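Worksheet for the structure shown next.
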Amino acid sequence: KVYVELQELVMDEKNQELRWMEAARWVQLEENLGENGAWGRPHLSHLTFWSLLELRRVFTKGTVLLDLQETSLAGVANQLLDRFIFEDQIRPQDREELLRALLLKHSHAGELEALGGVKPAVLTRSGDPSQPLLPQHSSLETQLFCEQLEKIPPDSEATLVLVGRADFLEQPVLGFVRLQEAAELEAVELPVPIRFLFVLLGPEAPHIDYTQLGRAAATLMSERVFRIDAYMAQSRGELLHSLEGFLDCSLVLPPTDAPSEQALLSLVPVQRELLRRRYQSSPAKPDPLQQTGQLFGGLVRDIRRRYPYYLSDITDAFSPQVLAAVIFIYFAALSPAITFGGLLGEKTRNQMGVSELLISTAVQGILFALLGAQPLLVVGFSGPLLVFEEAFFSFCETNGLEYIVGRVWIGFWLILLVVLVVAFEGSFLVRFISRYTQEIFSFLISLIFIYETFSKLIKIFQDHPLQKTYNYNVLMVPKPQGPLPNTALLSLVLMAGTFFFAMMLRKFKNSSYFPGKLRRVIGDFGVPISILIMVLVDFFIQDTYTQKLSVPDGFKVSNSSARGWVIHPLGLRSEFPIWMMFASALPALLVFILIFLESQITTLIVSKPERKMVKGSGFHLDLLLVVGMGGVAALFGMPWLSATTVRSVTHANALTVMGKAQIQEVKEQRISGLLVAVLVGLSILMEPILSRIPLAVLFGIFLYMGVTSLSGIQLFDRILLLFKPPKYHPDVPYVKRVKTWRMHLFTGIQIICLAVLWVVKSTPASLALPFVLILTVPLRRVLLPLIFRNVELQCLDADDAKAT
Amino acid sequence: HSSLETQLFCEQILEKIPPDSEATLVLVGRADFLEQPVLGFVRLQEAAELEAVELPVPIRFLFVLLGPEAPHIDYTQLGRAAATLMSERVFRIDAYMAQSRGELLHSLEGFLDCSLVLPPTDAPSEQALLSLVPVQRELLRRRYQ
Amino acid sequence: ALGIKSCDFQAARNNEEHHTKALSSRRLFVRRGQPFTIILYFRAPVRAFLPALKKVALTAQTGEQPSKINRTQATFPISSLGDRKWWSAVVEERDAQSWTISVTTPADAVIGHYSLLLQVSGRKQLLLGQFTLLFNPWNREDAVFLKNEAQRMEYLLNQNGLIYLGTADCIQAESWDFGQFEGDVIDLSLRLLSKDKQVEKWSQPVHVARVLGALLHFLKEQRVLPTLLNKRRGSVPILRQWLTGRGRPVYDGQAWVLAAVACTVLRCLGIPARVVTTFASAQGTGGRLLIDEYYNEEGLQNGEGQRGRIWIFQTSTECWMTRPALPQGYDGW
């Protein structure tokens with residue numbers, strides 16, 4: 001290799017003395033000197049067209065001093081000016097001014113901070129550096145690489161480029177000097193001998209940037225082929241020949257308004273061929289759902305996909321939007337936990353109640369957030385799971401089997417199934433759940449959520465109906481035994497007010513009022529603000545009774561006479577039968593199918609590409625963690641939890657940042673779910689806070705979640721198109737490439753599936769919902785092509801909302 | 001000998017054209033009876049569907065480059081340069097509004113002052129080319145503002 | 001099932017038919033009262049022609065606030081029952097993917113820049129394109145109708161004029177490029193006319209001639225300077241300099257060019273016009289039939305001149321139209 005130092009003639013600021021100061025340095029790769037006094041990052045040299053067009057012109061009529069007998073800057077300057085005057089490049093009257101300039105103090109950088117910096121200058125006849133008259137251009141290399149020496153071989157010889165402006169010049173001049181013997185000069189502070197000297201002087205003319213000119217000369221000298229030619233050059237003609245091979249193997253990149261990496265990578269054969277031609281004449285030579293077939297291959301790739309991003313999963317949560325999402329999802333997960341815990345308790349004689357569900361939710365959520373590949377999922381208990389439990393508690397009550405002990409085995413068989421599924425990459429089948437099934441499932445689950453939210457208010461109105469007369473002394477413990485005045489109406493008022501405030505603050509987030517930062521802060525906290533407002537409203541009404549949140553007294557079993565914290569795989573009271581240990585596989589198969597479908601479809605929905613999820617999701621890891629945690633939970637009489645669709649979608653929405661209508665980014669991090677699970681576990685400790693929160697406020701929050709979960713569903717959009725004239729349809733691929741009646745038929749087919757699924761839910765065979773939902777996949781991939789064209793299905797059922 | 005682009009890209013349209021798009025016909029030829037190379041630049045008053053040269057779109061601009069064999073003059077590469085100049089947005093806008101040759105040469109000097117040369121560098125091709133991305137991005141910061 | 005792919009306005013053939021080919025072969029320039037043909041292209045084949053015809057309507061608007069009261073906005077269906085003397089449209093030829101539509105405008109239509117919009121039952125308005133509407137010296141029902149084809153060719157289609165200068169006994173004909181068909185002259189004339197806010201009167205050649213004559217005289221007074229300076233390249237550079245301030249100004253020794261500029265703007269708008277030179281014209285009298293000339297005893301004149309002088313010549317613009325608001329018999333020049 002070799003070292004090359006460029007020094008431009010500049011003025012200091014303290015004494016206004018013109019001098020020489022390094023501007024950049026080359027060891028193959030170019031380093032630049034900033035105004036602060038430090039070196040910029042080393043980079044490949046890029047030259048401007050004008051730099052190269054000027055160099056060639058000055059090199060064509062240049063002054064070469066080959067095998068020159070001198071070993072001093074003064075002597076080299078003397079001989080160079082002598083051969084300049086002999087070639088009539090400069091007038092003899094200018095020899096005094098240029099020799100004075102050439103032998104100034106050559107300041108390296110170590111003195112930049114000692115002085116007051118350097119400014120560009122022009123040596124004038126009087127020897128006075130005036131201010132250049134041409135417009136200035138701050139160095140692009142300084143603006144790009146600088147705003148923020150051991151590599152030199154011992155036997156290498158240095159080259160020093162000196163660029164300076166002198167109004168006393170008819171035209172720019174070039175003097176290229178090769179010493180016969182490499183010598184140390186006072187201009188270069190590094191202990192490397194100098195072999196070549198570039199001297200570029202001239203007046204301030206158009207298109208001549210001397211810094212760029214010196215950069216071009218230094219880059220040419222740093223080029224291996226030109227260096228080898230220069231060591232063996234016996235005339236100016238050979239150096240000129242070597243410069244024509246540099247300009248003939250150069251690649252000029254014209255400006256474009258569409259800068260792209262892929263477009264620029266198409267020039268790889270051009271760059272390689274130009275390098276090959278440059279070295280031809282030289283003596284030298286040039287120096288997630290994919291099925292891998294590997295056991296646990298999907299699991300490892302899911303581990304390798306997300307765990308590299310682990311550091312950002314903690315740092316990216318440092319925003320108040322994350323805290324507002326935590327407050328939102330805390331209630332959105334706690335209230336279903338309490339409701340489902342009370343139900344299962346009542347339906348299972350407190351074998352599994354509120355406390356078991358709270359503890360299981362906390363522990364599983366913590367372990368899933370700390371380990372799962374998609375932290376945005378919320379792990380909780382789902383309606384299907386309450387139904388299967390009652391199915392088993394009945395079956396066990398019929399056949400004299402113990403409940404807790406059988407569910408203990410279902411996990412021992414749940415873990416067996418999920419391990420074999422992860423081993424053989426069974427989670428690769430989720431690639432066949434197109435937007436058809438995803439949106440059917442999500443819309444149906446949202447409708448169920450809204451219907452349950454309204455039915456709870458209906459039940460409240462049934463418990464305390466509107467009467468002319470009431471009994472003013474009605475027992476309140478544990479719950480009011482008779483109807484009470486003002487209860488149903490206040491519950492409706494609180495629910496409607498919470499929903500209205502949440503929707504108004506959601507509008508205010510996108511509104512044009514208030515400063516943008518404060519407005520976005522208040523909009524992010526819309527749900528906490530609505531909850532606080534309505535909680536205060538109910539608090540200041542002391543007389544009227546409204547049902548509040550109820551949490552257990554402590555972290556104890558719900559029935560202390562039924563079971564302990566652990567359940568014996570062989571029996572608590574009676575010897576557990578051997579056949580039920582083997583017969584538990586089929587209920588375990590049904591549970592695995594339920595949890596698998598729920599969690600995988602939820603992961604598909606929350607990780608659509610259009611939501612700007614750039615961190616990846618692991619289908620194999622999340623399924624393994626969820627089902628394994630559910631199976632382990634059983635050994636302790638605790639429920640199996642799954643990625644619930646509504647809670648996970650709400651969590652993802654609360655962590656999504658909106659641009660100037662357009663999804664910008666998602667706060668993909670682990671802190672929010674971890675804090676949600678921790679607070680759900682600590683709910684027993686914070687009873688005084690929870691005891692003052694009415695259920696009606698949380699009903700309004702539930703309605704808000706249900707109506708806001710319908711945003712990204714294209715099925716919901718196409719249902720709205722049933723009630724719009726085919727003129728106001730928006731310009732989307734499924735509208736402008738499909739006939740309107742074809743699109744309405746396609747939507748009506750999905751509406752048939754929604755009705756079929758909804759009827760099944762309201763039947764005793766509501767555990768068959770996963771299989772009927774799976775039956776949509778043959779409908780989409782088999783029956784629909786029989787009545788639709790390929791372009792129609794591509795527009796209507798698209799992976800990422802693309803126009804085929 | 002073959003052109004470099006043919007040997008690098010060719011050994012192994014109407015849908016992509018926008019609707020209000022006009023054409024530039026760059027004509028390149030070698031004539032040994034000319035003393036010097038000549039450039040003829042024509043902007044039509046209105047776009048025209050020339051019967052002699054059928055194009056997908058209407059022609060507004062003609063580049064005529066003729067001359068003898070000379071050193072450093074590959075007429076194919078000169079036509080490539082003229083076409084690349086016409087494909088650039090700023091020069092094309094200046095060419096639609098130009099009223100003299102001087103304005104067209106002031107647009108061509110701006111294009112060359114925003115043009116970047118990569119010298120032969122022994123770095124691997126991918127890194128050497130991708131290093132041009134920030135340099136081009138900074139160089140074209142003001143050109144398209 | 002009636003989505004439009006594109007609309008071909010057929011500017012070359014229509015402009016040839018409407019004596020507008022010198023203006024452009026790409027922009028549609030049409031003369032009022034004469035049919036012009038457009039081709040409508042559908043994305044998909046049209047199954048049943050008659051219901052599709054019932055489902056479409058066309059709209060023509062001019063100006064910034066088009067309204068039916070101003071006659072600046074017209075809505076008409078596409079049918080053989082349309083009024084050919086008014087705005088109308090009929091499908092003359094059709095194939096499964098295209099309709100060839102002949103569109104008419106009234107002979108008393110408001111001139112200027114128009115937009116053609118298509119309304120397809122149960123859809124939003126779709127812009128088919130732009131066209132410019134001019135006066136029609138070739139339609140018998142137009143106010144600017146000219147009997148002779150030769151007079152039409154001389155007073156509207158010829159850009160090569162002759163302004164007669166000199167004295168009565170020594171008339172020197174100066175070649176003049178009227179250039180009414182220059183690309184920007186129609187746009188400049190319509191922009192100047194837009195300074196008049198009675199857009200409903202733009203159907204009347206008399207009103208249009210009077211507004212442009214007054215505006216051009218005002219511009220001549222504003223832009224002509226007191227005294228190469230006398231080198232002239234026709235009316236178009238003068239009009240460009242008068243409207244934009246850019247170019248070589250005209251000096252007071254050639255103030256007679258106002259007639260030629262007015263002739264150019266009238267002819268570009270479709271109003272037949274000629275430049276007339278009157279030699280020995282007594283200007284500045286206010287209707288008085290007397291001129292006082294004052295000479296000293298040497299037979300020479302001392303001062304700069306009187307207000308009422310006999311000019312060596314004076315140029316004037318004459319224009320061809322009927323005079324509906326005048327007593328009968330004043331049609332013509």
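We label chains A, B, ... in the order they appear in the structure tokens, count residues from 1 in each chain, and number ligands from 1 in the order shown.
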
Q: Could you list, as a count of residues only, the residues of chain B having an atom within 8 Å of chain A when counting only C-alpha atoms?
A: 32

Q: When you get a sec, could you note down which chain C residues fall within 12 Å of chain B, using only C-alpha atoms, as a ChimeraX atom specification?
A: /C:5-6,12,22-27,182-184

Q. Running DSSP on the backbone, which parts of stretch 53-249 of chain C land in strand (DSSP E), as a ChimeraX atom specification?
A. /C:56-62,73-77,88-94,98-104,112-120,126-134,160-166,171-177

Could you make a table, as CSV, of the residues of chain C that have an atom within 7 Å of an atom of chain A, each with its nearest atom pair and distance in Å to one decimal, counting only C-alpha atoms, in chain and number order?
```
residue,atom,partner,partner_atom,distance
C:122,CA,A:727,CA,5.7
C:123,CA,A:727,CA,4.4
C:124,CA,A:727,CA,6.2
```

Could you pull the residues within 12 Å of stretch 747-751 of chain A, counting only C-alpha atoms, minus those fewer than 5 positions along the same chain, as a PDB file with C-alpha atoms, in the first residue's frame?
```
ATOM      1  CA  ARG A 435     -57.146 -13.209   4.832  1.00  0.00           C
ATOM      2  CA  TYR A 436     -60.505 -14.924   4.223  1.00  0.00           C
ATOM      3  CA  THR A 437     -60.375 -17.085   7.360  1.00  0.00           C
ATOM      4  CA  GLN A 438     -58.445 -14.470   9.361  1.00  0.00           C
ATOM      5  CA  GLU A 439     -61.053 -11.778   8.765  1.00  0.00           C
ATOM      6  CA  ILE A 440     -64.009 -14.138   9.247  1.00  0.00           C
ATOM      7  CA  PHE A 441     -62.570 -15.209  12.608  1.00  0.00           C
ATOM      8  CA  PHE A 443     -64.990 -10.159  12.715  1.00  0.00           C
ATOM      9  CA  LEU A 444     -66.926 -12.979  14.392  1.00  0.00           C
ATOM     10  CA  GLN A 714     -61.491  -5.747   4.838  1.00  0.00           C
ATOM     11  CA  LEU A 715     -64.598  -7.857   5.452  1.00  0.00           C
ATOM     12  CA  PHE A 716     -65.997  -5.017   7.561  1.00  0.00           C
ATOM     13  CA  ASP A 717     -65.140  -2.592   4.753  1.00  0.00           C
ATOM     14  CA  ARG A 718     -66.871  -4.754   2.143  1.00  0.00           C
ATOM     15  CA  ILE A 719     -69.937  -5.104   4.371  1.00  0.00           C
ATOM     16  CA  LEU A 720     -70.184  -1.305   4.478  1.00  0.00           C
ATOM     17  CA  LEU A 721     -70.045  -1.344   0.671  1.00  0.00           C
ATOM     18  CA  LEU A 722     -73.326  -3.283   0.695  1.00  0.00           C
ATOM     19  CA  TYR A 734     -60.909  -5.345  -4.968  1.00  0.00           C
ATOM     20  CA  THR A 740     -69.648  -4.639  -7.953  1.00  0.00           C
ATOM     21  CA  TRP A 741     -72.140  -7.504  -7.880  1.00  0.00           C
ATOM     22  CA  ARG A 742     -69.262 -10.002  -7.893  1.00  0.00           C
ATOM     23  CA  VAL A 756     -73.110 -20.472  10.260  1.00  0.00           C
ATOM     24  CA  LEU A 757     -70.354 -19.861  12.814  1.00  0.00           C
ATOM     25  CA  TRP A 758     -72.605 -17.659  14.968  1.00  0.00           C
ATOM     26  CA  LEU A 773     -63.716 -22.378  10.950  1.00  0.00           C
ATOM     27  CA  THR A 776     -63.496 -22.108   5.379  1.00  0.00           C
ATOM     28  CA  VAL A 777     -60.034 -23.004   4.012  1.00  0.00           C
ATOM     29  CA  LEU A 779     -64.103 -23.218   0.652  1.00  0.00           C
ATOM     30  CA  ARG A 780     -61.549 -20.546  -0.253  1.00  0.00           C
ATOM     31  CA  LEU A 783     -64.959 -23.984  -4.150  1.00  0.00           C
ATOM     32  CA  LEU A 784     -64.213 -20.300  -4.780  1.00  0.00           C
ATOM     33  CA  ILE A 787     -67.072 -19.680  -9.261  1.00  0.00           C
ATOM     34  CA  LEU A 793     -59.698 -13.924  -5.948  1.00  0.00           C
ATOM     35  CA  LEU A 796     -60.546  -9.868  -3.030  1.00  0.00           C
ATOM     36  CA  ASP A 797     -58.342 -12.257  -0.993  1.00  0.00           C
TER      37      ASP A 797
END
```

**Q.** residue A:171 environment, 10 Å, only C-alpha atoms, sequence neighbours closer than 5 positions dropped, as a list in words
**A.** residues 58, 89, 90, 166, 201, 202, 203, 204 and 205 of chain A
